[PDB]
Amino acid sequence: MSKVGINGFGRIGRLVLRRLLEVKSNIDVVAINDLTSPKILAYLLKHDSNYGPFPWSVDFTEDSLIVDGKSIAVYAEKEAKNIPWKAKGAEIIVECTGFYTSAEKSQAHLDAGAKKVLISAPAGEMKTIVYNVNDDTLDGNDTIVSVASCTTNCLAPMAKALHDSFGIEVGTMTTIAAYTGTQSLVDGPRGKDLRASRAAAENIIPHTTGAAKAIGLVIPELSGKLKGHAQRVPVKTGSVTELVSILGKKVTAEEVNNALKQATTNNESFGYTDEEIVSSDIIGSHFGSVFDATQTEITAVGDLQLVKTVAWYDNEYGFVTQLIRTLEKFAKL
């Protein structure tokens, strides 16, 4: 099964298609479901405020997109159980709407004729993959799987390296993160998340994330040992994650940095920098996470030591490269 459907052709959904074409994947996107017309989806695919013009041709008909010459059916079923995935034989659904982030909810795609679902977000207690951290846990019998959040994909490679090298006894994370579509343009009701109701490009906005709390799904030894949250700020994409840890060994910054560099060597998912980059430098990254050695900080008083480690991440395209790596392996199991 190499035929894929995308549910939710938004920021993540459209970049999923862009990245599959970019790596010349064998995967075949045969169908897209969203809430709108092919005309609007085509316009959005062609013109991207964060990544510029689509590198391939885009046209549309009344019920399809034509992308690089190839027809993709377009459906508009707001309930996944009604998506006609069998018409073009979509077997794996990349679930990118945010409305089906649980096993019970994404089961609808299987009731609708698909064989497997890969959810682009945390989805409770199910197989949750950060590629090149725990993708070896994926199994031929898995049918509904999560890639967690962009934040998880940033935190986990760094926490895995520190865990393997030094032990993490306890830690807390703050990500300073680009705003996303769950926020608001102008002050106004946004469900029941009050902070989410506030103008996102005009505020620093505290925001919850399960990235640290649910880390045990990805690194079971760290289960319950991490907590964290986000500060959403006015950049359009490109984010950074700080982890403050008590480690299991006394370290120097050079030692921490060296251990991280070894973990990023020959690692297509986890990059390393000792350059003085800022967030816009991460936009377009092909890594899920880029550890920044320039921000490593060891605070020591007598016997006590706090270790701050920092990694950048393009919460859109970078995370998407991780989603695709996982999808390619998923599709072959």
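Start at 1 and count along the sequence shown; that's the residue number.
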As the entry reports it, the stretch among 262-270 and 35-43 with higher mean C-alpha B factor is 262-270
Can you let me know which of the two, 188-196 or 143-151, has the higher average C-alpha B-factor in the entry? 188-196
Scanning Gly238, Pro206, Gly228, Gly124 for peak Cα temperature factor in the entry gives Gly124
Could you say whether, by C-alpha temperature factor, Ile66 belongs to the lowest, middle or highest third of its chain? middle
Looking at the temperature factor on the CA atom of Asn26, which third of the chain's modelled residues does it land in? highest
B-factor third for the C-alpha atom of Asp111 within its chain: highest
Entry-reported Cα temperature factor of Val16, expressed as the chain third it lands in: highest
Within this chain's modelled residues, let me know which third the CA B factor of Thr294 belongs to: lowest, middle or highest. middle
